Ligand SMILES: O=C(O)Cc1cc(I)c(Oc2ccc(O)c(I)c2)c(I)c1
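Shown below, as structure tokens, is a lone chain in the form solved without this ligand; questions about how it binds or moves come after it.
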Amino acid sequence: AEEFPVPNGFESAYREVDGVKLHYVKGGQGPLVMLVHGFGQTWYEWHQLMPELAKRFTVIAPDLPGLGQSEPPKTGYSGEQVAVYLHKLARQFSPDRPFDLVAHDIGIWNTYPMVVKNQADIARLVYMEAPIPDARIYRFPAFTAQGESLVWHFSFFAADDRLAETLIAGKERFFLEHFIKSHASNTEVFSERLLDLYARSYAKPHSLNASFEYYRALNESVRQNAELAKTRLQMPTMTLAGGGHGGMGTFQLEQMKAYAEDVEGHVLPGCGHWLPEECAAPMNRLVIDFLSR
């Protein structure tokens, strides 16, 4: 059973890592690039980019622990804990050469620690559409002159009493459509068909709970990153952000400058949070070109 259609010439498989069964989709030949998805989605967000990359690279796109078809983590949901699973997974496929990394949203939270702790293992890096967990996240507004703010859901998801699961259980499809479209500029790409696919996956009770545990570990991740960030990233880095409704805008690059010696940033106009889907052509081009250097 596959929750999402595997692109032609790719394989859907599993790898046990530190006692946790991770799902991934793999294809292509050459140096390894790992694509890491974010909240509300799965490996599938990369399905348009993967075939193009596979012409030049071995491409792997894992489901985050607890999400998609991956088992929940056995340690915890903090960035440093989850990063161990992903680092080891990647190294199974690339034990003797560095690999490339592309991450979106909370995929960033869950990879940053393994990047900074294993810089030699990372050839090139692309981060898009999410803050690295640090003190900056405490400066985002709860509410804006336009209406709901970008990250009020941080509090909603982090709240005690399993507030989010209790309210959202049984209404996953409704909530995800609102969440996704409210963070989008090009909302039309989110057909009812596509939303059905994503909603069915995160409606798995352990997946719905896992989703929110990432936010419940967010403050811990911030504390972890305060130590780790004492060493800057040395490898070539690119940031992408949407310049349209729901996007991070200039924040993405500006924060990254504090973390990386070598960074170039792009803000994509008319695109919100969901770059791979809202703005596939320019995003795919930017990523392929950067990794192909």
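In this text, residue numbers run from 1 along the sequence as written.
The protein also exists as the form solved in complex with this ligand; that form is not presented, and the subsequent description refers to it.
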inquiry  = Since the partner isn't included here, can you check whether this ligand sits close to all of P141, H153 and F251 in the bound PDB entry (heavy atom within 4.5 Å for each)?
reply    = yes
ask   = Does this ligand come within 4.5 Å of any heavy atom of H87 in the bound PDB entry?
value = no
ask   = Is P131 close enough to touch this ligand in the bound PDB entry, meaning at least one heavy atom pair within 4.5 Å?
value = yes
key: Contact flag, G246 vs this ligand in the bound PDB entry, heavy atom cut 4.5 Å   = yes
task = Report the stretch among 163 to 171, 145 to 153, 186 to 194, 91 to 99 that approaches this ligand in the bound PDB entry to within 4.5 Å, counting heavy atoms only.
result = 145 to 153
